[PDB]
Protein chains: 4
Amino acid sequence: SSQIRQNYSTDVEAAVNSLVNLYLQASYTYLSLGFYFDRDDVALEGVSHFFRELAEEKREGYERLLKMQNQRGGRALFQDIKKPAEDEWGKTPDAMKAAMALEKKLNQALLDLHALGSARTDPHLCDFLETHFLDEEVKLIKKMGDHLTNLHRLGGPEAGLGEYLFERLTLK
Amino acid sequence: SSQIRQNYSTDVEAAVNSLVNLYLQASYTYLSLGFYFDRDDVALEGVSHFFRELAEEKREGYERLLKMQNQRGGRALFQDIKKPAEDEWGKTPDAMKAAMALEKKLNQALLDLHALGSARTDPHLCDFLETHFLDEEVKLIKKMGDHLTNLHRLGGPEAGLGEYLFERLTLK
Amino acid sequence: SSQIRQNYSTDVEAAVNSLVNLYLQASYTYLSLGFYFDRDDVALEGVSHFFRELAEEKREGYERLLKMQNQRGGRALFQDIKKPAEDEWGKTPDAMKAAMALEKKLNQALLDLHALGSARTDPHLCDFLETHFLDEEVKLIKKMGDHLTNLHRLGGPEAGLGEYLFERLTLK
Amino acid sequence: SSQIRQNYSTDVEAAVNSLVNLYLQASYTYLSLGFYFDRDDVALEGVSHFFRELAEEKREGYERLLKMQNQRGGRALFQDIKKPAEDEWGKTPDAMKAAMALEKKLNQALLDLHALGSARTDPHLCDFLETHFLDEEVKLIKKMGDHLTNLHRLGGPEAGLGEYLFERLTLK
């Protein structure tokens, strides 16, 4: 089919399309989180801005995945981007838990894709995910673990005060 | 009658004078809030500065309305600027509620004036309110909703602590 | 209900959620187009870049609609972003024609939302769409009509030499 | 024997020498292409420049491989650089096909060497090829596929007009 396609299996192409849809779902979930934390009755500009940046980073994710899909002579196959798991994300700890669960799911899908690249003997896929993704998600899951631990120390009956101090002093 | 006055009804002129008096009452209410929060027994330089800026923004409001009133060949019919509703504004949440109620009243008077401009077929009034006022009030009522939500999560038995964290970390 | 929400009907909120989903589908369709024109067997860097710009401008669109949805005390409700209607976009005229059809649909949904804002007497919605969207679409549908007229003018016994010169000299 | 040599098999050393000879043949083929497209009866200075830059990039390639061969305590063994496959490269599509086939052969030799490095458990070889070669060849085979697709759209009876417009507007 493609003239440039070399050592790029149908499984890796399909798993890259599946991962693109997953980064689109994640970017859309971080869009939903990012605008939920900007609701007037949620009002956490730093938590909004944090997920607005994660929506951008997951977009740089699907865009660089699609750039690689094209560089490998794969076809970008676009499935429906399913709606985010919640329309109301609860408090900042609950949303940061959902964000971590999502990012650990993306990191799982990357690790599954890297395992598939290793099984299909695709060095360029392995390099590309190692270069742009596996360290990005590990740094970001660490960052959200730092956030979750701070949000947990800021828990208790004082959680409203703690949620505010988290947003004002950790989130820019 | 005025030589420049075109398509500018007596109702729109009178409702612009009524709205000018409302923005004057609003600046005067934000003057009262701004200096109430600078009282030694209230002592919130950031809440004071917030309402001091709103007194200025409502003053640009009545000044823009008076600029437009004169640009349309209307007459600026001034009236008593009635005293602000409270002599003492209570706590920062209570004051921010009175402020958001005042901006929702001003936004109602803009929306009523825009409905009157639509009924009297006055495009320039509609443009002027849309350009200079309706977005300013919607942004500001959003900003006050954000403040009220933060002041609400900062409520409970720690309310004195939360009230001053709100001031230093939001209003700076 | 929201504390800040004033003069913002459930119909306008729902039509803004519908238009957000439509601007999301539009950005995702421009993602499909943008990465389709970067396929090795399509290879039109300026047509890919043109639809990457439209994906970015439709992303500014749904993000700005969501910022407004929040500023009005509306709740952003997120639906599935339906798959982008094609994975194979034909030649540049076929794609530019699908893009202009999408943008005339998206401008229709804006004009319908503005008609709904006019019917619900919502000046701030009218202002917001007029300021940020109705001129965005008219400039962009004009630009795509200009592109389609040039692509049709460049239609011929090859089509592909004209299509290359379109990408090289208009989209550059 | 080398004092620094660690975890660097005789197969990987010999396959790095074989790959150096392929990058030397590739530079020599891009020298032949580069000077053929500057030939007076060919006269495509942008196509000549494109193959000169590829002769340089494949030289940066064998020089990196030789620097790495030395860093690993391997011995650079130099074989004859076989003559490049044609004296006459034909039209720009024919030459770009010979180039894209040559980069697919060079990328195959990288992938074979990476498979050998993985089989010999050589992480530094894998890192080195991933860092400096596998992405360079994938980007370059993509770039040549983009060139070929433009050169095919610029094909048909128009032929020489398309060959000129390719060189003038893609290879500026």
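Quick note: numbers on chain B are straight from Swiss-Prot, i.e. 2-173, in order.
This entry, so its header tells us, was determined using electron microscopy, 2.4 Å.
Including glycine, each Cβ sits where the backbone N, Cα and C put it.
Counted within 10 Å of its Cβ, the other Cβ atoms near B:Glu54 (Fe cation binding site) come to 13, all protein chains included. According to Swiss-Prot, the Fe cation binding site annotation covers B:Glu54, B:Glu57, B:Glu58, B:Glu61, B:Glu64.
Marked as domain 'Ferritin-like diiron' by Swiss-Prot on the basis of sequence analysis: B:7-156. Broken down by DSSP into helix, strand and coil, the domain 'Ferritin-like diiron' (B:7-156) contains 113 helix, 0 strand, 37 coil.
Positions annotated as N-acetylserine by Swiss-Prot: B:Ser2. Reduced to three states, the DSSP call for B:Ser2 (N-acetylserine) is coil.
Swiss-Prot lists B:54-61 with the feature region 'Catalytic site for iron oxidation'.
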For B:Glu57 (Fe cation binding site), the number of neighbouring Cβ atoms whose distance to its own Cβ is within 10 Å equals 14
Neighbour tally for B:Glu58 (Fe cation binding site), based on other Cβ positions within 10 Å of its Cβ:
17
For the recorded Fe cation site formed by B:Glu54, B:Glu57, B:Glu58, B:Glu61, B:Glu64, name the remaining residues of the chain with Cβ within 8 Å of the site's Cβ center, in chain order.
B:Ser28, B:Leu55, B:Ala56, B:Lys59, B:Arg60, B:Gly62
What residues in the same chain, six or more past the boundaries of the region 'Catalytic site for iron oxidation' (B:54-61), come closer than 8 Å to it by Cβ-Cβ distance?
24-25, 27-29, 31-32, 34-35, 100, 107, 137, 141
Roughly how many angstrom lie between the C-alpha atoms of B:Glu58 (Fe cation binding site) and B:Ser2 (N-acetylserine)?
32
Compute the C-alpha separation of B:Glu61 (Fe cation binding site) from B:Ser2 (N-acetylserine), stating it in Å without decimals.
27
